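Protein chains in written order, with our numbering: chain A, 1 to 239; chain B, 240 to 453; chain C, 454 to 667; chain D, 668 to 899; chain E, 900 to 1131; chain F, 1132 to 1189.
Note that CB positions come from ideal geometry on N, CA and C, so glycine has one too.
To keep things clear, I will list the structure first and then write my remarks on it.
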Amino acid sequence: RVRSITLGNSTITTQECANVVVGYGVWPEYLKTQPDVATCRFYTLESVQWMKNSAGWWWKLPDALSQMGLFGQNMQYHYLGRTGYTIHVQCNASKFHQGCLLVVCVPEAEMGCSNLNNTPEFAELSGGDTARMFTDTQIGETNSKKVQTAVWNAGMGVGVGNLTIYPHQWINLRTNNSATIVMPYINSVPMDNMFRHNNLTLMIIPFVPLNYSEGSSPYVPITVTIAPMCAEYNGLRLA
Amino acid sequence: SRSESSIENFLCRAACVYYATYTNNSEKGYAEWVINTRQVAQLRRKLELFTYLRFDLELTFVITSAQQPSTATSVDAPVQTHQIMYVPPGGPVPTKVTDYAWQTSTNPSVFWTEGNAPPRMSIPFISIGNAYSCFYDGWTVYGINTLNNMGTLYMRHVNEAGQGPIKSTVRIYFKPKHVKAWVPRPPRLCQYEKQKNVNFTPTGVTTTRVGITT
Amino acid sequence: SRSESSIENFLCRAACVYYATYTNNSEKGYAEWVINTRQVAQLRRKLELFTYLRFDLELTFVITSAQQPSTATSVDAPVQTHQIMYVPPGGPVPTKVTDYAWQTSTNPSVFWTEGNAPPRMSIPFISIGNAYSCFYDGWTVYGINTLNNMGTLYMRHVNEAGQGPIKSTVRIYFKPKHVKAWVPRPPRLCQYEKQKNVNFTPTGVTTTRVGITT
Amino acid sequence: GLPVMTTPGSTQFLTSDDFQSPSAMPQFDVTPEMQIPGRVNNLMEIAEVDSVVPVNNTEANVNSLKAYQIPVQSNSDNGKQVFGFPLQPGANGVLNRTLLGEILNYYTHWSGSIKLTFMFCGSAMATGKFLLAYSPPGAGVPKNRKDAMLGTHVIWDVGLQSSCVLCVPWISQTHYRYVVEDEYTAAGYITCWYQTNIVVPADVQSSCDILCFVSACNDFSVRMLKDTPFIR
Amino acid sequence: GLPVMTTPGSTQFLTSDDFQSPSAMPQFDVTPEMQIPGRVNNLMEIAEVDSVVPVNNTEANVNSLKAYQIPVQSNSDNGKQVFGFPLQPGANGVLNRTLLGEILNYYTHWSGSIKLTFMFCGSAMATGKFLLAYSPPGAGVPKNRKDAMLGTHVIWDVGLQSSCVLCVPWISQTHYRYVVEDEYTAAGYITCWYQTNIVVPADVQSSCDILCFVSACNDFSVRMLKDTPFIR
Amino acid sequence: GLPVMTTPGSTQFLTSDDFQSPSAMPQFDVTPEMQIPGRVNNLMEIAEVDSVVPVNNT
């Protein structure tokens, strides 16, 4: 069965019996100053092409929606804000395609730099709506301000197989093709500046590479849909 | 049961985090340490299993002295008294043994004389934020989060120099108390390279055997 | 809440107000300090936010010694004992290390030997008036108000001089307790010029920018 | 005797300790306390008292009463800015040495709202309109009367009212307390513009002056007492 | 004063002591605690989270994602072993750096059961049968599909199920807790065999991959915290 | 603080003393005790067991 979900002036369709992973057992809620409900619309980013040699993709959350409608408008307008997210990841593949994906949302995914003495620049840390790709090779140290994008360390100097500690969902093409992660607001402060701090990082890493026989489509599109939940910002009026 | 695997029993252990020396005839004979949890790799890794932490600080100081060479016919130095000053974040900081900062009333200080039980002071959670952050994906410089400032410690001889120099060494013992942790994270796998950042050099996922089958 | 901005939390802080040295082979080797709150500018300014104050006194003494040069083949001085005498207003005052004033029974004194916890004594509100005055617009000399006399402190070595001189330094720590304040006053703006009077040299109201508009 | 054990820190002198101490003068008997008017229980009572803001720093004015005088006069063209200063109570310069600023500079963290009062001190026959605009932190200062009006603002008619009171909002990084001192951080500004010229009858001076007052309005609080930077 | 006696160890500093200590900053007032999602009360909550097992160590693979991929393909002759590793969570190499292994390597004694999950990541049209065999400690590893079948085993049909979950039993020398590290001791093994070949239709790849996951299943516990051997 | 006085023998180590001592391994959690047969509560239980007397020393 297919379930159609409409949010604002946007609507998407999902398999009725799809499993949703709630981040830490906590749904997005309001801070127990000024909320916005016109932002509650699905934002379908550009689809990426999963290939045989694909190493992975990642998107920093606040930044990914920085050039999308009122949410971006609110980001430049207000100085402070806080919000949760609902992330939909969908793959369009046939039964003749095989592969396994890890879809994980990492809070405060601070990333290292190829040069041990420096830190990565903003461009390399985030591409906004554009996706950032991991690399199956090791970035050389000569490079001065790029992210060490070796997949098996996930750019954080940890075991990539241990990323399952963070809210995640597996996409096994033979079994399922969609993932839904509900991420609450997680921070050490009640509100924060959205332009200088990326609270969340969504990662999609192929643990089992995509495989197919000659004649089948040589790619599998992956579509990311993000819907901000319970967004609210600081007031701008007097007392 | 698993009482020993709780957060409190996992992190509430004293550890020597810093070690320094200072003599009493140099004008610069004072030891300083900015309080940070990244000094010791073992403690850093244990704290970096989580993203946000909230704890109190218990500090114990082990101070010992040693007689330095002199030419005095006879040396009969009295018992030595040491001053340990805690400078809260934003407080004045000394640059010499004789400096006003040593007398700031808002900089709590402990005066301790040798031969007694080692001095001990406790600092509470002093962040304007609601928790300390071991990881920060943003800019203030990438991933600094100045909301983690915990203050600085300073140490100096109180006694004036006698007929011979005295060199003292201080061992700072660090113990988180009433710890609360949030958002588990994967254990650090690559070796730590810098104390200030998370930079790493790519390494293998695990140790290797000959073949997949025994 | 604002618990830290209360009068008690604002003024009840220990501070080093006086520092002096005295040797044990001079006849004049004794330290004296008339108890007054105008010695330290930082404490003076904090107390001068009000006109009338009422508080108790807690004094902690940090005494350390240093060996002075000698010609004795061998120096083996025993542990040193110090006498700290508080002279109430109107009490006899010493002029030498050997003086009757040191033995006055109505002058409370503390005998303390080195190596132990520092000595501590407390003096209550000892004014014939109902409160201390930080400002007095009148004559007794303009603006003295002899009703603010708080006594004097004296310090000397108890041990006789051995085979080598010993020089000791005393740090007096001052802490108002159970403070009550009346009649708020504007914070001091000009730099303090004299300890005895309020004299000042005219200065600007604040720091200056280029123009009224950003 | 009873068995005891001394823990670490037994003979130490911690300057922030709170222990019973022996009385040097037991049996003294103190003068009973009288009822003196003006008892102070908290420094924040001092912080909530209005004080005159030296808006006109203008170093030729800091050594005079002109530091508090904001000049207002009839200008040929309209829409000029009357004044403007950042809303940094404790670091800027205009609010540094006021009653609120002095108390704040004794602490490292502070919270609450700022109450600004403007008093027109021209003749009773002078009339005009002023636009008082508040720029939230992050947003830049207005460059025109139009931009000021499009934001948060109040139209002040001196012909009807001699005083206007604004309570600027807290608005901080969900920090509850924020640093008294700051570093190239979003500040927030207040500015004033000529909505109209000053209309005056014959034999009445067109040039007038405005006085600004500041005080803590909402639940103000401070934390982490420190040394004031104004003493040597 | 009251007569007291100091017992041995009165002025000593024992690094594991638990004594009241004086506060350096009394009267500070701390920022109230907020509700942050993901509160952790015990490391065993981390130990019970499934993580990917690098079964294919194969040093040409430890620096890639192939370390987690168990190759499966259509072989001419049947009954070959797919994989196999000792069940030593904390010493071997395959389970050393997993979430379970990292927690275990912080302690000297541990107890409980191991939950192993295997996920088939081939095409939806691929069919076949796998024999997953568990060898108890002491008993040797099977050398054939027949020997594996005669022991404790589960027949796994990928055509019907994509995942299989096994909870290996504790079984220890009535010790309740046993050493995390070990020395030439009965280990216990898990192994996989081709019950049938992988049957595939036309235009479908026969070569597939299997993923293995590990986690603590039954009442897991640890004892005697120590230093992890993975830091320098 | 509370006034106290140290009596003679305050810092001494008497080998027969019975005082509380700090635990070097607090939070260890010991292996629970099992029922082992042959529990001994007094040496006199051993003393009351018959044993063969070497009468013929020789």
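Straight-line gap, residue i to residue j (C-alpha atoms, nearest Å)
{"i": "residue 224 of chain A", "j": "residue 995 of chain E", "result": "34 angstroms"}
{"i": "residue 921 of chain E", "j": "residue 673 of chain D", "result": "14 angstroms"}
{"i": "residue 23 of chain A", "j": "residue 12 of chain A", "result": "22 angstroms"}
{"i": "residue 573 of chain C", "j": "residue 472 of chain C", "result": "16 angstroms"}
{"i": "residue 784 of chain D", "j": "residue 831 of chain D", "result": "6 angstroms"}
{"i": "residue 844 of chain D", "j": "residue 327 of chain B", "result": "16 angstroms"}
{"i": "residue 964 of chain E", "j": "residue 446 of chain B", "result": "14 angstroms"}
{"i": "residue 816 of chain D", "j": "residue 799 of chain D", "result": "9 angstroms"}
{"i": "residue 329 of chain B", "j": "residue 390 of chain B", "result": "8 angstroms"}
{"i": "residue 231 of chain A", "j": "residue 771 of chain D", "result": "33 angstroms"}
{"i": "residue 296 of chain B", "j": "residue 686 of chain D", "result": "21 angstroms"}
{"i": "residue 144 of chain A", "j": "residue 112 of chain A", "result": "12 angstroms"}
{"i": "residue 415 of chain B", "j": "residue 240 of chain B", "result": "23 angstroms"}
{"i": "residue 820 of chain D", "j": "residue 861 of chain D", "result": "13 angstroms"}
{"i": "residue 3 of chain A", "j": "residue 14 of chain A", "result": "5 angstroms"}
{"i": "residue 456 of chain C", "j": "residue 108 of chain A", "result": "35 angstroms"}
{"i": "residue 615 of chain C", "j": "residue 530 of chain C", "result": "6 angstroms"}
{"i": "residue 671 of chain D", "j": "residue 410 of chain B", "result": "27 angstroms"}
7 angstroms Cβ shell around residue i - same chain, five flanking residues per side excluded
{"i": "residue 653 of chain C", "result": "643 and 646"}
{"i": "residue 397 of chain B", "result": "320, 321, 322 and 350"}
{"i": "residue 269 of chain B", "result": "261, 333, 336, 393, 394 and 395"}
{"i": "residue 229 of chain A", "result": "28, 83, 84, 85 and 86"}
{"i": "residue 305 of chain B", "result": "406"}
{"i": "residue 1165 of chain F", "result": "none"}
Coarse secondary structure for residue i, derived from DSSP in three states
{"i": "residue 84 of chain A", "result": "strand"}
{"i": "residue 444 of chain B", "result": "coil"}
{"i": "residue 98 of chain A", "result": "strand"}
{"i": "residue 169 of chain A", "result": "strand"}
{"i": "residue 277 of chain B", "result": "coil"}
{"i": "residue 1070 of chain E", "result": "coil"}
{"i": "residue 27 of chain A", "result": "coil"}
{"i": "residue 358 of chain B", "result": "coil"}
{"i": "residue 1170 of chain F", "result": "coil"}
{"i": "residue 1175 of chain F", "result": "helix"}
{"i": "residue 49 of chain A", "result": "strand"}
Residue from the options with nearest C-alpha to residue i
{"i": "residue 894 of chain D", "options": "C:483, C:553, C:601 and C:498", "result": "C:498"}
{"i": "residue 981 of chain E", "options": "E:1122, E:1097 and E:1115", "result": "E:1097"}
{"i": "residue 1058 of chain E", "options": "E:1018, E:968, E:1007 and E:1129", "result": "E:1018"}
{"i": "residue 676 of chain D", "options": "B:444, B:353, B:266 and B:316", "result": "B:353"}
{"i": "residue 1070 of chain E", "options": "E:1011, E:1044, E:1060 and E:1040", "result": "E:1011"}
{"i": "residue 130 of chain A", "options": "A:121, A:66 and A:162", "result": "A:66"}
{"i": "residue 169 of chain A", "options": "A:159, A:182 and A:216", "result": "A:182"}
Outcome for residue i when other beta-carbon atoms lying within 10 angstroms are tallied against a minimum of 16
{"i": "residue 382 of chain B", "result": "buried"}
{"i": "residue 901 of chain E", "result": "exposed"}
{"i": "residue 344 of chain B", "result": "buried"}
{"i": "residue 1083 of chain E", "result": "exposed"}
Nonlocal neighbours in the same chain, by C-beta distance under 8 angstroms from residue i, ignoring five residues either side
{"i": "residue 1103 of chain E", "result": "1022, 1024 and 1025"}
{"i": "residue 137 of chain A", "result": "150"}
{"i": "residue 16 of chain A", "result": "1, 2 and 3"}
{"i": "residue 221 of chain A", "result": "47, 48, 49, 50, 91 and 92"}
{"i": "residue 166 of chain A", "result": "104, 105, 106 and 107"}
Own chain partners of residue i with C-beta closer than 6 angstroms, once the 5 adjacent residues on each side are dropped
{"i": "residue 62 of chain A", "result": "194 and 198"}
Closer than 8 angstroms at the beta carbon, the chain H residues around residue i
{"i": "residue 755 of chain D", "result": "Within the model displayed, chain H is absent; protein chains A, B, C, D, E and F are what it includes."}
The ligand SAM heavy atom lying under 6 angstroms from the CB of residue i
{"i": "residue 617 of chain C", "result": "The ligand content of the structure shown is nil, which means the ligand SAM is not present either."}
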